[PDB]
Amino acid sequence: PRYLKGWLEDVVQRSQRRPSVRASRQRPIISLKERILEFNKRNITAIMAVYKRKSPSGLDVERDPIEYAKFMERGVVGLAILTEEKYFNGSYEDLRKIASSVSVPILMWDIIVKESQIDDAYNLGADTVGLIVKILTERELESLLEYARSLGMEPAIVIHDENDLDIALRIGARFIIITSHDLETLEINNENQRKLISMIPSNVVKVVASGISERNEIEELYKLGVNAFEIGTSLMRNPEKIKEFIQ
């Protein structure tokens, strides 16, 4: 990984030491990217709902992961499940349960720093993983992107600024998540969102993560050509809002 400090450095070391899990997936991979494109062609809002019990910014809720997944399955394009242990209180067991219990594609949401974590995603039933440009050297991104592809996944490349986007497009990202979250500070900053979205070619599937909590914000971003919307905290606090987001 890159040289990092603070909580990210902690999670990066945690990830490097993380033992590979015993698991066996129960259906072939369903491309999350391609399901988003099918939602787009059908003119149906594509929401990727996030399951997380906590966040380093202060989320703290308890909700049964299967019930939440079953509830969301009816309306989402897919689910992102936290498996990061210390800051998000997630685990591989949440993914194993959800990915075996719902039919929609699943992104494993964690800090990936090594191939065996992508193995873990695959064996646990996830359909794809995110790789984070701020965390990974360009060489590690290239390598892990190639490795995910070799398993049948198209990973989401997570970018926050123009420097990250430069990298993601150079390595040939086909699926990008544009986050307003500064992973260091934890603050949501939207200053550069409009510019970043507009720099991504039309045939790259783009997803926005930004503390979204209102249908209006989705409508605004969709006008810019955004394909899908990752929504975590507002749905963890009130899952019933999925209806405002997809109606």
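Quick note: we count residues from 1 along the sequence shown, nothing fancier.
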Legend entry - Of 188-196 and 46-54, the one with larger mean CA B-factor: 188-196
Inset, instruction - With reference to the PDB entry, specify whether the mean Cα temperature factor is higher for 60-68 or for 179-187. - result: 179-187
Legend entry - Residue of maximum C-alpha B factor among 91, 117, 128, 163, per deposited coordinates: 163
Inset, instruction - Please rank the C-alpha B-factors of the chain's modelled residues and tell me whether residue 84 sits in the lowest, middle or highest third. - result: lowest
Inset, instruction - Can you work out whether the C-alpha temperature factor of residue 149 puts it in the lowest, middle or highest third of the chain? - result: middle
Inset, instruction - Rank-wise, by C-alpha B-factor, drop residue 75 into the lowest, middle or highest third of its chain. - result: highest
Inset, instruction - Give the position of residue 134 by CA B-factor within its chain, expressed as the lowest, middle or highest third. - result: middle
Legend entry - CA B-factor ranking of residue 13, expressed as a third of its chain: highest
